[PDB]
């Protein structure tokens, strides 16, 4: 179970990476390919990653009791938001999106929720 999950996640990661690089291949510029590879392996590929509960309050990695406005909006509107920020001197893109409350989640979650929380991920675009 734990291994299958790890394997599934790994295969999806590979799918993501080739789809990502396909966009760079479309440029017909080797320079762009080299830079992408360096960027995805770097520590700034995923500079931040936080998961929030339905109340827009962070749960992982650092539990908080203060709601995150962007998450609040993403959940309320049920849409993905994105905004630029300069973090530790780097230009980045942050995405905030809600977790759809699929029927299968009802076993442990409120079946009536539209969304079960949010995710915030920040990646460098330097």
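Positions refer to the first chain, counted from 1.
Look at the mean CA B-factor for 55-63 and for 27-35 in the entry; the higher one is 27-35. In this entry, the higher average B-factor at the C-alpha atoms falls on 2-10, of the pair 116-124 and 2-10. Within the listed group 94, 44, 101, 80, the record reports its top CA B-factor for 44. Ranked against the other modelled residues of its chain, the C-alpha B-factor of residue 110 as given in the entry falls in the highest third. Residue 70: CA B factor lies in the middle third for its chain, per the PDB record. Ranked within its chain, residue 50 lands in the lowest third, by CA B factor from the PDB record.
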